[PDB]
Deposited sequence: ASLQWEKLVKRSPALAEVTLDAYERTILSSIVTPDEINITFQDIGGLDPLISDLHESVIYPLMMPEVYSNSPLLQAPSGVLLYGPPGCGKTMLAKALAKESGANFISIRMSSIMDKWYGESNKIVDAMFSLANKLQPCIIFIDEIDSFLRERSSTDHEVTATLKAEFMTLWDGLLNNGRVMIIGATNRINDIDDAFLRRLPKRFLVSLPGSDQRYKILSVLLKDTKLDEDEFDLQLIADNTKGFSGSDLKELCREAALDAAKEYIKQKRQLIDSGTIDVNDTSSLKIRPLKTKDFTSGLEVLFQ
């Protein structure tokens, strides 16, 4: 990949004094430079509500890293998450972000890494954070982040990757951008590291139907008094993560009745404190979702 290295050397003259190692050369082919990206923000319609926040969170820290590294009150986010329903253009938006900020772009395909290296894959993940640190400003892009790193070997890679992710905290020039269609399926350990999340677009009635179906797939619903279609039709403006909060509020309403009757039995001397009794959290109803619809504004 001597041809790839010669171009990045001419862009920043200080790069010719840098030496890669054996594992970093193999990943050098996976690097996309800003002049190779073909898409801009102009080619993407509907970014008007996001342009301002995208600059403050992504574009400015990459173009202007001296300010965030010199100012205590200014910090670049550890990771940025772009999410929306299927067909919102999350992958092209990340490429536009890379070109709009003049930063390099590396797209991790963990399956492509794992299938080629197996047990040696952690050295490829490690040599990729160092390579992104050398080719700064560099955007580490993780598409379909909900499935990123799913047995016991895949758990070793997670603990290693999170250590590397927290390592670039003191680094305004390296950014991790995640993209997903299933925000509710993102590992909680990832979401803790994505402080900035950008809603690309809203899900339609059919998409909100499927989101609620997956959210309630292991929850006991009422055989008579439950209506998925009515709930999905009256949740316009709800995102995937807003619908999860609606299901959380619905289950909370039933759990309140549960603990109210449980206290009534204990405070009336009916049952023991540790007594297992007839108390089972009741199946959810349509009213629990209709009566918790204002969770969207919280």
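Unmodelled region (deposited sequence positions with no C-alpha coordinates, counted from 1) is 151-156 alone.
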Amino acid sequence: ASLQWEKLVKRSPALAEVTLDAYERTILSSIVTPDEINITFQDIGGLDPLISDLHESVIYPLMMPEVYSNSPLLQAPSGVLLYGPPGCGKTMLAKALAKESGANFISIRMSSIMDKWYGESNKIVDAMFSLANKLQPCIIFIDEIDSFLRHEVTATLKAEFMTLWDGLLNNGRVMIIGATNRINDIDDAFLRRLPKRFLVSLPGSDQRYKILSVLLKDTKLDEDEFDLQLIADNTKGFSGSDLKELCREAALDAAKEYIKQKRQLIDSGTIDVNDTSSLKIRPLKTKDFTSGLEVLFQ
From here on, numbers count along this sequence of modelled residues.
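In this entry, the higher average B-factor at the C-alpha atoms falls on 22-30, of the pair 58-66 and 22-30. With 97-105 and 115-123 compared on mean CA B-factor from the PDB entry, the stretch scoring higher is 115-123.
When the C-alpha B-factors of 139, 216, 169, 183 are read from the PDB record, the largest value belongs to 169. The entry assigns its greatest Cα B factor, within the set 249, 272, 48, 35, to 272. Placement of the Cα temperature factor of residue 208 within the chain: lowest third of the modelled residues, per the deposited record. The deposited CA B-factor of residue 153 belongs to the highest third of values across its chain.
The deposited CA B-factor of residue 162 belongs to the highest third of values across its chain.
Annotation for residue 201: C-alpha temperature factor in the lowest third relative to the rest of the modelled chain, per the entry.
Residue-level temperature factors show residue 110 in the highest third of its chain, judged at the C-alpha atom.
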